[PDB]
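Protein sequences, first through last, are from chains C, B, G and F.
Quick note: the first sequence uses the deposited numbering, first residue 26, plus one each step.
Taking the deposited numbering, I'd label the letters of the second sequence as residues 25 to 407, 410 to 509.
Quick note: the third sequence uses the deposited numbering, first residue 224, plus one each step.
Quick note: the fourth sequence uses the deposited numbering, first residue 7, plus one each step.
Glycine is no exception: its CB is placed at the ideal position from the N, C-alpha and C atoms.
Please read the structure below before turning to the comments.
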Amino acid sequence: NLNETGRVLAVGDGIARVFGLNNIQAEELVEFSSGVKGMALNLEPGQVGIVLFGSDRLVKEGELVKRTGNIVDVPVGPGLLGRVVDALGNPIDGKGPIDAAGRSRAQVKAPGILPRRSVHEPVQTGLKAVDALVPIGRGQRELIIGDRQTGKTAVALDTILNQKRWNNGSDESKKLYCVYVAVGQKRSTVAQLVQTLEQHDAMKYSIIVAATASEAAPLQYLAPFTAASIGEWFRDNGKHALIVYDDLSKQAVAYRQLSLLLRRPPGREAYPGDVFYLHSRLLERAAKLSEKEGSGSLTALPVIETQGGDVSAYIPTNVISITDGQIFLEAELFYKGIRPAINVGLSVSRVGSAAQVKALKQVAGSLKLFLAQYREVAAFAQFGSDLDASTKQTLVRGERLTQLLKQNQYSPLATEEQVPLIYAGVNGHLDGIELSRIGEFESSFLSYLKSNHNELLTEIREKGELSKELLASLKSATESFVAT
Amino acid sequence: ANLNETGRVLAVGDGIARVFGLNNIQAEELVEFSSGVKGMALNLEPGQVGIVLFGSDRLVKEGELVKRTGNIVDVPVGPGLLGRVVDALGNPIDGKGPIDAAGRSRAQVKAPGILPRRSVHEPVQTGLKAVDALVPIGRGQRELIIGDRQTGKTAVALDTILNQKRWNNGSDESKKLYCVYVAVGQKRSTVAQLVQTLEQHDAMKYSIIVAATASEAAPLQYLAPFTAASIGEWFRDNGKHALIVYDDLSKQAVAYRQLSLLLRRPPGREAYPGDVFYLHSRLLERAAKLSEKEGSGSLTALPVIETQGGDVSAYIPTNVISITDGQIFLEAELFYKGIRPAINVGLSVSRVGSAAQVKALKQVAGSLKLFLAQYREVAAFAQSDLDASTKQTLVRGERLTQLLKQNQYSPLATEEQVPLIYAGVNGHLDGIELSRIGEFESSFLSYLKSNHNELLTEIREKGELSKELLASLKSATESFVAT
Amino acid sequence: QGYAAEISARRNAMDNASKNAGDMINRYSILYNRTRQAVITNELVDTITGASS
Amino acid sequence: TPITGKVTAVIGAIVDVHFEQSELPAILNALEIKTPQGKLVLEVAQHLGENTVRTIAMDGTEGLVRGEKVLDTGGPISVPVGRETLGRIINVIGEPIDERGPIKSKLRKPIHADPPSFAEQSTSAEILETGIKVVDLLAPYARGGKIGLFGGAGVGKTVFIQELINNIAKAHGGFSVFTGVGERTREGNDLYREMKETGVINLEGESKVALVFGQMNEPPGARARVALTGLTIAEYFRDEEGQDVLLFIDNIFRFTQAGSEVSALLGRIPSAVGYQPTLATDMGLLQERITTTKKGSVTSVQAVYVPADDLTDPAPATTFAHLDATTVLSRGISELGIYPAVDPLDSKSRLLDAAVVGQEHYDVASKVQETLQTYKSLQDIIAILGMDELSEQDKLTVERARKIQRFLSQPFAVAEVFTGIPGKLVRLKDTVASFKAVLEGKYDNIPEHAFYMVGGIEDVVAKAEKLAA
Ligand SMILES: Nc1ncnc2c1ncn2[C@@H]1O[C@H](COP(=O)(O)OP(=O)(O)NP(=O)(O)O)[C@@H](O)[C@H]1O
Ligand SMILES: Nc1ncnc2c1ncn2[C@@H]1O[C@H](COP(=O)(O)OP(=O)(O)NP(=O)(O)O)[C@@H](O)[C@H]1O
Ligand SMILES: Nc1ncnc2c1ncn2[C@@H]1O[C@H](COP(=O)(O)OP(=O)(O)NP(=O)(O)O)[C@@H](O)[C@H]1O
Ligand SMILES: [Mg+2]
Ligand SMILES: [Mg+2]
Ligand SMILES: [Mg+2]
């Protein structure tokens, strides 16, 4: 009876060719006699190609292989909140069992053409540049892309942190549950991150799913998909979850390893022919669901690594064509003092001003285009050229608006804090202030409004819009502060 | 029909014979085919052995007999090879008859480990003004000669082998430096003409030529340097000192990639196989200076690499740069200008030489190295001001530049070098016309040879300068200038 | 006179600009050719790897 | 009463061995072959089926015959651990290669071990002062952290690593392990002598450092493993003796390179640029072991060869994520004579954070980088059109950047033979105050060359006043 069990014919590099198993489903889980788990990907006539989820030091030719009867799944539910698990959802933080409300498979269809509603609800990142220039919606998929060491994680992380403002309220639909996926990162690095999440009282609404550098390639491959299903519980049950795939560059590399060792004839740069589908089906699972489905949402921030600013590389090109917009980080900007190092020219959020707070939309009238006019203007300055009333006036303001968008790490701002500063920037009120003093203008203008004009902020945090009365009230409150 | 000492060819093609049998064969064992051509057992499998041919594929046919040797690829070594020219397998090709060998080392031999070695302290005096003052070579060292094509790479190796005429004539054994020239992928005509020069200068009597020329089976080119290494090693292993020149490794690595591709090894960077670094590293590791306990023998290697359009960033160049203890880089820009040796100062370094360079040169070339790496810098920034202070340094720079031009086949003894450097660094040439510096040299030599011969004698014997002797050259120079 | 002085400076300025601009062109062309050759090799490797199976 | 099999295939470093009956040796197990020299040790890499295993050999396979007798050792390659390794030089297979006889250790642990788990991680942020300006100011190293020195050929990795051994190992108090991977046998020798002559190793007293060598003269099997040997020794000290281990490796690139020489022979379809498909997972299994756990800490310095000066090459590219600080040495800089050839803009640390180094240090570091970046942004305009085409603002930022750049150079003690100047070690606070002052435009009236190859600010003034006369 070689139907439910088989025998290892050959074993190496985390791959096992197994005789028998004549009833096994494709993509079904298997236990080896030695303990180590694995996944059947190749149902060939003579044998079965199986990729292992552990070390192959303990598999031996002839060793028995048992079916599970199960396509790879994971534990899901609110029980995961505040925990750290592996690709298969085994708890790795050493805090005991996972409290599971059920089990989703690893590979799920995306919600189709029908069960959706257009994105319209802000994910507030607390990042002045993102929220103003590339605002992100519930159900949206925004790509964070850049070379190593450019602040890619730092952009996802400030966002996760910033959800503190609603996650401590009783209101559910306002809450945003965070799922962060470490793929190919070293363990000490993931440790250091949860150590931050704890310190900002942010772990309690986060789930960490991590398959790190040392782990078997199929674990790294699988981790984003399982993390997805974990996020989908929230989406499926009328809540909101944000998921961060950090990073898909590394996931594809793993997927290539599987394929090459399984001896699936490779494609471009040795990747599988369907390496685009790998990601495309994953990121299609992030969505805003329809009313008939309880309006829940999953929002994806996948991270991608480039080499030497080559956005034109193979896997970068794929994912850019998958997502709904990109945040582009540049080392050249990082070192000019611009942090987050966001390239405004290249950065977009296709959802646009449909998922941006109306107040912030109002104050950021033409700000993204304005900055384009600024960098066009500052291009002609290099020519050692003296300018006129129109060209000096704009060069001056853009240089200040740039500086205004600089932001420290782990320090996300509230919209009621953001709206004023932008208003002060775009409406001329900063144009005659020394550039080295724009940082000090921030916390001083904030301090000033918190005491004296605290009715102004409450009106913004609760009405989310700007009536002509608020605009006049703000106009005066700023002019007032300009002369201290 | 013995199938243990003997096999039948199954198939032959792409430089590989596939043979059935040879059951008792060793890995890397040499074989002999019906036709007389030889081969190496490279890979042994069930049912067949893959053999790399040391000749044309023509010479092997399916069905033919193949004979064991019971010999891992090896060569005749010893002192009887001095004055001979052999091929990669050690076959005599100068037409001078059977090679008088003391024995037979393997082609692949492991390099001495951490312990049997000692720091370089003895110099290989090239007789080249530029080299010996700036990038000095120690006995046991590996220094790389590298530059574009037609840039005098060979001339630096050659004038080194020539320069040993001085010591290999005397009795003193420890100071004798036997030479091994390895021609790999070069034209036959060139090598023959080169050997002509080595005889013309008598130098042939202490050197050994190993050649795998341009039209020879790739694996014979891949092998050459290694067997040449074996031969060079006999002197190291027995207490003497040998110099080995690999002209050039670039062509060897090319020969090597050929086999690898024909063998179906995955191509990598520039289509070279993954182990092309190992190819070179195992070789140059055999150049060593041995400890007291092992006779104190030294093998010195001068690999030649050919860059393309001066790009030192290429895969193979950086590989060999990362194996050697420095490189003398020869700039095509200087070579065309007339500045020969065309040493680029900034890009050249010896990593171990200083502690082995004769102390006499060391003193008179006070910061000469760091200086010429900076005159060259201020020179390009000169072409905004006719400045005063930097203007005199530029004249110093140009006089030292013109002073380091040297003819081919004209190597000088250390005692001739020291005063020449003294006259430049200490500014005795700054009053002289640019176009007269070459004439100054041999006239300044004439003067030292027929008057102040007593200073010249001293330098040779000491290897130093005393405070007394320093003030002696001071006077000698200044008198000459005004006449 | 200032005019005359400027035209003769602008000339000498452009003369070195052209000299450096032209010297850079040589180093970049050299880089180009490496990168061209490298693109042919790497595409050829993918195609050879693909056929290998 | 053991288990034997016969050699069925030899291809370079790969030996296929067949076993007669019911028990095949586990993957990673060491096997042995009698030679008239000693033993050739093989490691089981995979199971081919039909009772054959494929092994990587640990030494040259010259002379091996089909059908030769192979003996299972019943375990992986083992190495001497514990205090008994200090002052000895060790093989990849845990043999003494210093002619000082047996390394009589009490235990002999396997070189393959699972990396420390997630809960066993111990995250911290203490600055490891190096006394080297660029690092201390711009990319400070972390205690118990991992540190990579990236470099092309002959740009200064090893000298950098020798400087840190010289600067840090001497007075550390904990043990060190130096692993030579695929580098010059000569350099090994050179270092051995240094350890004796500085007293880190005493042949007849106490020793502070263990030595493990697998240089570029050994076969790929030896080079592919030698880092695990050095690593296993370091892990004992960290885990069992609770020590703060210093683990220097030069050069870690060579571990990956070696892996790729056998990869094809193990019958894997090659990945991008000819490398093994297992590149990153092989790197993880080694790299994730070199870590600080709860039981003890491991500060590590690792050289990283960058092939064909290409930083995007899979090998070095993959390594970056594994390091807490990277210092990237750049050929371009080295050819300007600026040593150490650190790229002050492409080197990075975790600890350049206003909380760890304090606001002032951070601020100086930022303004320095800004200034260096402006200059870089202009290199091309400066190159073609020269200094005269710049706005007087930039003219100033460039002139200052050019000083800072030189000020980032430092005579290393170990590089004395190439500078001609005695080495300088500069202290962090003295570094921070010095650059802060150059930023504050208090030294602009001073020539550039005064900033080149000196220590802290007091030597700049010194060189300036000397170069007046
Ligand atoms: N807004 C900011 N201001 C100042 N520093 C920052 C900011 N954001 C991030 N950084 C720092 O920049 C460095 C790199 O940011 P990080 O978020 O690690 O980018 P990354 O893309 O994850 N790098 P890697 O993961 O190695 O590819 C870290 O030292 C951060 O602390
Ligand atoms: N110091 C010198 N002065 C003048 N001519 C020289 C000098 N040295 C070498 N040459 C000549 O310049 C030519 C090229 O130099 P050569 O020594 O062949 O360098 P190479 O780099 O080996 N060239 P190739 O082997 O063809 O790539 C030869 O004809 C030499 O004889
Ligand atoms: N701190 C320094 N100061 C001055 N020169 C240096 C310094 N470090 C390295 N160099 C120069 O660079 C040469 C080689 O440096 P080295 O430390 O061997 O770099 P490497 O990258 O380890 N060598 P390789 O293994 O060939 O890549 C030395 O011989 C010096 O000429
Ligand atoms: Mg990151
Ligand atoms: Mg030549
Ligand atoms: Mg080195």
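Cβ-based neighbour list, residue i, same chain, cut-off 7 Å, excluding 5 preceding and 5 following
{"i": "residue 277/C", "result": "296, 300, 303, 340"}
{"i": "residue 93/B", "result": "53, 54, 55, 56"}
{"i": "residue 201/F", "result": "207, 215"}
{"i": "residue 315/B", "result": "140, 141, 142"}
{"i": "residue 476/F", "result": "Outside the displayed span of chain F (7 to 475) sits residue 476/F, for which this structure offers no information."}
{"i": "residue 45/C", "result": "27, 30, 31, 32"}
{"i": "residue 81/B", "result": "36, 37, 39"}
Beta strand (DSSP E) segment containing residue i, residue limits
{"i": "residue 67/B", "result": "62–69"}
{"i": "residue 306/F", "result": "303–311"}
{"i": "residue 256/G", "result": "Counting along the chain, residue 256/G falls outside any beta strand (DSSP E), though it belongs to the alpha helix (DSSP H) covering 225–275."}
{"i": "residue 86/F", "result": "84–86"}
{"i": "residue 330/B", "result": "322–330"}
{"i": "residue 12/F", "result": "10–17"}
Of the listed residues the options, nearest to residue i (C-alpha basis)
{"i": "residue 235/C", "options": "257/C, 269/C, 259/C, 227/C", "result": "269/C"}
{"i": "residue 192/B", "options": "412/B, 206/B, 225/B", "result": "225/B"}
{"i": "residue 240/C", "options": "229/C, 282/C, 230/C", "result": "282/C"}
{"i": "residue 166/C", "options": "306/C, 487/C, 399/C, 478/C", "result": "306/C"}
{"i": "residue 436/B", "options": "183/B, 260/B, 135/B, 97/B", "result": "183/B"}
{"i": "residue 296/F", "options": "49/F, 117/F, 37/F", "result": "117/F"}
Extent of the continuous alpha helix (DSSP H) to which residue i belongs
{"i": "residue 398/C", "result": "392–406"}
{"i": "residue 243/C", "result": "242–261"}
{"i": "residue 386/B", "result": "383–388"}
{"i": "residue 240/F", "result": "226–245"}
{"i": "residue 199/B", "result": "Residue 199/B -> no alpha helix (DSSP H), and no H or E assigned at all."}
{"i": "residue 219/C", "result": "212–224"}
Own chain, CB closer than 6 Å to residue i, minus 5 neighbours either side, in chain order
{"i": "residue 474/F", "result": "none"}
{"i": "residue 382/B", "result": "147, 440, 489"}
{"i": "residue 9/F", "result": "29, 78"}
{"i": "residue 67/B", "result": "74"}
Reduced DSSP secondary structure (H/G/I, E/B, other) of residue i
{"i": "residue 32/C", "result": "strand"}
{"i": "residue 322/F", "result": "helix"}
{"i": "residue 205/C", "result": "strand"}
{"i": "residue 78/C", "result": "coil"}
{"i": "residue 270/B", "result": "strand"}
{"i": "residue 420/F", "result": "coil"}
{"i": "residue 435/B", "result": "coil"}
Proximal residues to residue i (C-beta, below 8 Å), its chain only, five neighbours per side dropped
{"i": "residue 370/F", "result": "143, 438, 441, 442, 445"}
{"i": "residue 85/C", "result": "33, 36, 59"}
Sheet register partners of residue i (DSSP bridge)
{"i": "residue 45/F", "result": "40/F"}
{"i": "residue 54/C", "result": "64/C"}
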